[PDB]
Amino acid sequence: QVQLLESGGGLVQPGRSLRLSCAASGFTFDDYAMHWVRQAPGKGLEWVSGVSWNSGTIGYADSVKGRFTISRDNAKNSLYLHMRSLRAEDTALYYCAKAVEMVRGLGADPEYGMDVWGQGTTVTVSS
Amino acid sequence: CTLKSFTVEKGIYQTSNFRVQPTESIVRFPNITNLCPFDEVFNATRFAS
Ligand SMILES: *[C@@H]1O[C@H](CO)[C@@H](O)[C@H](O)[C@H]1NC(C)=O
């Protein structure tokens, strides 16, 4: 069965780094564009980043641009999210979701449809 | 020429090879259906770093 397991949470002081990891198990990992979506505490969702089928990133959120860095690995079926310049306003859950339409299955390539969601971690920042 | 002589005696001789010649060439192979997924590589919307 399809499984999306994420890890990397834990309290870290402001002005450091973290490296979240999402591992997928149960499908051909190279025919699905992954996404990383935050979830502020007691608030609405907020898109953070993504990655297409060919390891080509699709841009980050406007307010986060400058620090976050996404990376993928089809060989180990692993997607990673390096985080820099951590600030107090970056405390939230983080889910890694997968697209729906397999590539070249029908104009352009697909990126919508975050259907399967893992249980996110609980990254927090404080001093 | 075959007898290696200029005087040839009465009789029947077998000399050379009659062999009809081919006309053209023919190559056969079934409908080509498998195709390498190259377009997805060159025509991808976003390349990696
Ligand atoms: C293979 O192509 C030929 C010529 O277009 C066609 O007649 C044939 O139906 C195709 N393959 C088969 C056996 O269906």
# chains A, B, ... in the order shown; residues from 1 in each chain; ligands from 1
call {"tool": "residues_near_ligand", "arguments": {"ligand": "ligand 1", "cutoff": "10 Å", "atoms": "only C-alpha atoms and all ligand atoms", "output": "tab-separated table (two decimals) with N, CA and C atoms, in the first residue's frame"}}
result
chain	number	residue	atom	x	y	z
B	29	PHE	N	10.00	-6.33	-41.48
B	29	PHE	CA	9.95	-6.22	-40.03
B	29	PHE	C	8.56	-5.73	-39.64
B	30	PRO	N	7.94	-6.29	-38.60
B	30	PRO	CA	6.56	-5.91	-38.26
B	30	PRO	C	6.40	-4.45	-37.87
B	31	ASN	N	5.15	-4.04	-37.68
B	31	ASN	CA	4.83	-2.68	-37.28
B	31	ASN	C	5.66	-2.26	-36.07
B	32	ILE	N	6.38	-1.15	-36.21
B	32	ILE	CA	7.24	-0.65	-35.14
B	32	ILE	C	6.37	0.05	-34.11
B	33	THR	N	6.20	-0.58	-32.95
B	33	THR	CA	5.30	-0.07	-31.92
B	33	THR	C	6.01	0.42	-30.67
call {"tool": "select_by_dssp", "arguments": {"residues": "chain B", "states": "helix (DSSP H, G or I)", "output": "compact mmCIF listing (two decimals) with N, CA, C and O atoms, in the first residue's frame"}}
result
# COMPACT_ATOMS: atom_id res chain seq x y z
N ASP B 39 11.08 12.17 -25.97
CA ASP B 39 10.40 13.48 -25.87
C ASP B 39 10.30 13.91 -24.40
O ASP B 39 10.60 15.07 -24.12
N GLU B 40 9.95 12.99 -23.50
CA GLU B 40 9.76 13.38 -22.08
C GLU B 40 11.06 13.96 -21.53
O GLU B 40 11.00 14.72 -20.55
N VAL B 41 12.20 13.62 -22.13
CA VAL B 41 13.50 14.12 -21.68
C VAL B 41 13.82 15.48 -22.29
O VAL B 41 14.09 16.45 -21.57
N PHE B 42 13.77 15.59 -23.61
CA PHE B 42 14.10 16.85 -24.27
C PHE B 42 12.99 17.88 -24.14
O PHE B 42 13.26 19.08 -24.03
call {"tool": "interface_residues", "arguments": {"of": "chain B", "to": "chain A", "cutoff": "7 Å", "atoms": "only C-alpha atoms", "output": "PyMOL selection string"}}
result
chain B and resi 46-48
call {"tool": "write_last_selection", "arguments": {"atoms": "N, CA, C and O atoms", "output": "mmCIF file, in the first residue's frame"}}
result
data_model
loop_
_atom_site.group_PDB
_atom_site.id
_atom_site.type_symbol
_atom_site.label_atom_id
_atom_site.label_comp_id
_atom_site.auth_asym_id
_atom_site.auth_seq_id
_atom_site.Cartn_x
_atom_site.Cartn_y
_atom_site.Cartn_z
ATOM 1 N N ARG B 46 10.631 21.383 -17.182
ATOM 2 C CA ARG B 46 11.662 21.904 -16.250
ATOM 3 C C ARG B 46 12.795 20.888 -16.100
ATOM 4 O O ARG B 46 12.503 19.775 -15.679
ATOM 5 N N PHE B 47 14.019 21.328 -16.358
ATOM 6 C CA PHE B 47 15.168 20.421 -16.175
ATOM 7 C C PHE B 47 15.633 20.528 -14.731
ATOM 8 O O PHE B 47 15.339 21.535 -14.074
ATOM 9 N N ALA B 48 16.403 19.548 -14.271
ATOM 10 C CA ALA B 48 16.957 19.593 -12.902
ATOM 11 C C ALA B 48 18.119 20.587 -12.842
ATOM 12 O O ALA B 48 18.520 21.097 -13.899
#
call {"tool": "atom_distance", "arguments": {"atom1": "atom CA of residue 76 of chain A", "atom2": "atom CA of residue 125 of chain A"}}
result
29.4 Å
call {"tool": "atom_distance", "arguments": {"atom1": "atom CA of residue 80 of chain A", "atom2": "atom CA of residue 46 of chain A"}}
result
18.2 Å
call {"tool": "closest_residue", "arguments": {"among": "A:89, A:83, A:124, A:118", "to": "residue 17 of chain A", "atoms": "only C-alpha atoms"}}
result
A:83
call {"tool": "residues_around", "arguments": {"residues": "residue 61 of chain A", "least_positions_apart": "6", "cutoff": "12 Å", "atoms": "only C-alpha atoms", "output": "list in words"}}
result
residues 35, 36, 37, 38, 46, 47, 48, 49, 50, 67, 68 and 69 of chain A
call {"tool": "write_last_selection", "arguments": {"atoms": "N, CA, C and O atoms", "output": "short mmCIF file (atom, residue, chain, number, x, y, z; two decimals), in the first residue's frame"}}
result
data_model
loop_
_atom_site.label_atom_id
_atom_site.label_comp_id
_atom_site.auth_asym_id
_atom_site.auth_seq_id
_atom_site.Cartn_x
_atom_site.Cartn_y
_atom_site.Cartn_z
N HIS A 35 4.98 17.32 -3.67
CA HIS A 35 4.83 18.66 -3.12
C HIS A 35 5.05 18.63 -1.62
O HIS A 35 4.75 17.64 -0.95
N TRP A 36 5.54 19.77 -1.10
CA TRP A 36 5.73 19.96 0.36
C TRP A 36 4.79 21.09 0.77
O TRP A 36 4.98 22.20 0.24
N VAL A 37 3.84 20.84 1.66
CA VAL A 37 2.82 21.80 2.06
C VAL A 37 2.85 21.96 3.57
O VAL A 37 2.72 20.98 4.30
N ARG A 38 2.99 23.20 4.03
CA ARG A 38 2.98 23.46 5.46
C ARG A 38 1.55 23.49 5.97
O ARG A 38 0.58 23.38 5.22
N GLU A 46 -1.00 26.04 3.47
CA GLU A 46 -0.17 27.01 2.71
C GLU A 46 0.87 26.24 1.89
O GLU A 46 1.71 25.56 2.51
N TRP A 47 0.81 26.35 0.57
CA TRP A 47 1.77 25.67 -0.29
C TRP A 47 3.17 26.21 -0.04
O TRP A 47 3.37 27.41 0.13
N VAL A 48 4.16 25.31 -0.02
CA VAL A 48 5.54 25.65 0.28
C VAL A 48 6.45 25.40 -0.91
O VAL A 48 7.16 26.31 -1.37
N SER A 49 6.47 24.18 -1.43
CA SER A 49 7.33 23.90 -2.57
C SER A 49 6.85 22.64 -3.28
O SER A 49 5.91 21.97 -2.84
N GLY A 50 7.53 22.30 -4.37
CA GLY A 50 7.18 21.11 -5.12
C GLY A 50 8.34 20.69 -5.99
O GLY A 50 9.39 21.34 -6.04
N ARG A 67 15.41 30.99 1.17
CA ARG A 67 16.06 30.09 2.11
C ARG A 67 15.80 28.62 1.81
O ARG A 67 16.75 27.83 1.77
N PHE A 68 14.55 28.22 1.59
CA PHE A 68 14.25 26.80 1.45
C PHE A 68 14.93 26.23 0.21
O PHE A 68 15.19 26.95 -0.77
N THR A 69 15.23 24.94 0.25
CA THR A 69 15.91 24.29 -0.88
C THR A 69 15.43 22.85 -0.97
O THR A 69 15.72 22.04 -0.09
#
call {"tool": "atom_distance", "arguments": {"atom1": "atom CA of residue 60 of chain A", "atom2": "atom CA of residue 81 of chain A"}}
result
11.5 Å
call {"tool": "closest_residue", "arguments": {"among": "A:33, A:45, A:70, A:22", "to": "residue 82 of chain A", "atoms": "only C-alpha atoms"}}
result
A:70
